[PDB]
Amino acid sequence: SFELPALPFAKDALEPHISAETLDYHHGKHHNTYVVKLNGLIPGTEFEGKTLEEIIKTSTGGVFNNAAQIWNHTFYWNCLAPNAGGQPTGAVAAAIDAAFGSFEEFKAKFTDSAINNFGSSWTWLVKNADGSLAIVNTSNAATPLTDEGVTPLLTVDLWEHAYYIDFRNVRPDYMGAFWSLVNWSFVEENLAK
């Protein structure tokens, strides 16, 4: 009843930054497993007939883990794009200057927060209830979607499966790829939410 949504780009569209092989595993195997695990947990529970987001916000344990990781991944994929990356323009550029001083400064901060996020984890740029920007790290399947008022804008997956095939142990090389792939269109869309 939940689907694995198709990626928003072709399997070789992120080359030479993230390989077709990484997509095959990361979307086709990991992301898919969470959909299959969730679909099998919810029959005959209070989460039958709930939306994905409703489940994430009202569950704990295995249901939460699978449901949250489905959302986290689809959001991640939408943060990546061919012919993207580089510097933000528009409303996002100005938000980032207001909050962090410059793109370059925001970039160094986000990057440090990610490289140092311990274990399986996610680093986020979020919009707070009050409207200010923030960089937050979450562990495992946790997500700022469950913090009331907070709007995820951008994320990087730092689980090792996200980069091990292409970058082995080197997160700084993976972050170099991330920045080459950032879909500022999507971040801009989220800013208006």
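Note that residue numbering begins at 1 and tracks the sequence as displayed.
K.L.:
124 to 132 versus 151 to 159: which one carries the higher mean Cα B factor per the record?
P.N.:
If you average the C-alpha B-factors of 151 to 159 and of 124 to 132, the larger mean comes out for 124 to 132.
K.L.:
In the PDB record, does 46 to 54 or 32 to 40 carry the higher mean Cα temperature factor?
P.N.:
46 to 54 has the higher mean C-alpha B-factor.
K.L.:
Which of these has the highest Cα B-factor in the record: 118, 75, 110, 103?
P.N.:
Largest recorded C-alpha B-factor: 103.
K.L.:
Using the temperature factors in the entry, find which of 66, 146, 140, 137 has the highest value at its Cα atom.
P.N.:
Spelled out: the listed residue with the top C-alpha B-factor is 146.
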